[PDB]
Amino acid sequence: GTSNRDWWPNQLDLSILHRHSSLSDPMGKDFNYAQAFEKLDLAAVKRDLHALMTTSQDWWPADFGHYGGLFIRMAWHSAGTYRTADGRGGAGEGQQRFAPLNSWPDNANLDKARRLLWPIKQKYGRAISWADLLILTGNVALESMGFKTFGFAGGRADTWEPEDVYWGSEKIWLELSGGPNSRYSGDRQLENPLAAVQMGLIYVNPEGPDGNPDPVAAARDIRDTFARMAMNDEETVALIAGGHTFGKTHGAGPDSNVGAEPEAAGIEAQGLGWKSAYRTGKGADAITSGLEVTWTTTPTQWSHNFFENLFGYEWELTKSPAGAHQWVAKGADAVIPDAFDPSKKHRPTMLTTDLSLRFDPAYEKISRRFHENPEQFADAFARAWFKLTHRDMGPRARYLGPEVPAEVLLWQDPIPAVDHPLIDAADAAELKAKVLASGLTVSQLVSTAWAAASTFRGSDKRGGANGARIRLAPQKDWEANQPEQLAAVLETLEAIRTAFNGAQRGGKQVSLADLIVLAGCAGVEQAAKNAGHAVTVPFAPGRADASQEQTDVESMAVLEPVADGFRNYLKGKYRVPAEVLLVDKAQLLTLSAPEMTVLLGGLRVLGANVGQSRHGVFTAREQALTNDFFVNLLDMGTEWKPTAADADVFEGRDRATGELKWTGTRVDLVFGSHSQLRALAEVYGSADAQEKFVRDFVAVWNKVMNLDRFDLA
């Protein structure tokens, strides 16, 4: 059946903005997962999970009699698709159970692990999400084997369809680099926003870079991918050594014995895949990655044997039974247990990528300290495992249940507690009046609040106006934020705040974060008034102000908007058309197409553009909140042509006279071109639409202002 994507393969795609509708959701519209989880008997689930670890099923027999390793692997893959560049991936939505992740080659046989979990998911039903369960299972596996975890938070609600993520352009699973859709260029530079070396891998190739078994060069790939998942050297060493304390790899026979991945398998396979023709197909004969490595003498017990072996032996290159490169300690005795035959033992083995921890010089220092000081290794691994599995969960206010760690970590972008009464409605009105009396303009007010709030991304729930991090490094100096203009606005708002707080009794105070938002609300109210409409913009206090010391500057970098079509801003020149970047930003802000459309057309005429550019400012009453953008954009009396200077800027001239009326960018003019967006623009540009425009604009503005307000959830 030929589709629109087939006829017009480069048209913009809006269906990313309408995923996750009420239509696809089997739960009622009022279902609240946090309420369900908060009444779950978590202790009882964990007891069930404990028992499962050593209850072997014949259709996928447990190695060593214990599923713990398989489950740690499962939970680390659940979390391990995360990319800091856009916050997509991670464990937070349980996406491992949907395409394409359920069928990535790095997730081979995790379909078995997920299936083992069904009886428990079934027992507790909607009170524990799959997303929570994958992670909880990994924790319980660690605990069952003697490892003390740092804690666990619930609150990952399940999702019901695949997320739309760019995982790369290769059309072949695992394609080595250098092909026609290579994700590398230059001196081994991986394209943003990717965080893996080959399509269908979690991070790196366990045999080495493009299969070359050189630990040193494999370390460079480890470091790069891990950094693109927000982990530094110490965290990376702790995570890899920690995880490979447990279990084993599977490569009992040649890879060609393994059949179709789950999305390709027959219907009778009932959602499982990688069925193997090698011997029994499972257990002692299992083939997963094609490597055959068991790291430690006690694969079902926490120990410090991974570093004892890594440093204690000299290693030589050998091949698994499937032909993959791996390493053996030939000088060793057969000290490693066999997974099923109590009468067999094996020599110690390692992956290329494990040897990286000893032969990369920066890693060796850390490895050695963890070898000599295994308590430091256990503490690091516990912290990094928590971070790994909670990195995309958002503000601590979303964390549920009795096991949440009390320690506040810098990576969580922490917000201080509020310990004082909040402003009320009359106070908000008085502050809005003081703000407008200061001389700050509609444009200044709207721009500053937009800049503060629109760093939010729903992918990992980082960013937003809570914290007032706009006033701190590095946000204050981001080019999009107009650093000198922003400094003048913030100074005036801070003086207002100081005056208001100084006049209060009884501990009542307003935060700067709240005032930035409220002042943007005043700007929108005044814009509506400029257009002859009295409206009240809703405003919810309770934001707090974070300090510089509570703000990791390096980790904030990935939130910098380099493209923000809402402010007609592009930091430099990109391969991807600006309209594509606009939809991407909309998806991250959780906006539908209609909400995107209303919001942009309003911001244009409020003076939100960076630099006060006239591009898209299709009004003669700037700073009045009207539907002028759409009425003028859709006026057939105006003809548009790309400029000679810049093919991405367009001039709109009167069709009869040739007089120049407006200029625009691709972001502006897509609303008059794309057939779905233009149908939207038509609604808002019609003669009956002034009231609808204003209401829908105020509603989306308020949505944006509240994106990180999980304290009010």
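Each residue number is its position in the shown sequence, starting from 1.
Averaged over CA atoms, B-factors in the entry run higher in 506 to 514 than in the other of 506 to 514 and 195 to 203. In this entry, 27 to 35 shows the higher mean Cα temperature factor of the pair 27 to 35 and 684 to 692.
Among 116, 556, 382, 452, the highest C-alpha B-factor in the deposited entry belongs to 556. If you compare the C-alpha temperature factors of 122, 303, 81, 612 in the entry, 612 comes out highest. Ranked against the other modelled residues of its chain, the C-alpha B-factor of residue 42 as given in the entry falls in the middle third.
Remark: residue 278 belongs to the highest third of its chain, ranked by C-alpha B-factor as recorded. Among all modelled residues in its chain, residue 95 ranks in the lowest third by Cα B-factor. Looking at the C-alpha B-factors along this chain, the one for residue 316 belongs to the highest third. In the deposited entry, the Cα temperature factor of residue 174 sits in the top third of values across the chain's modelled residues.
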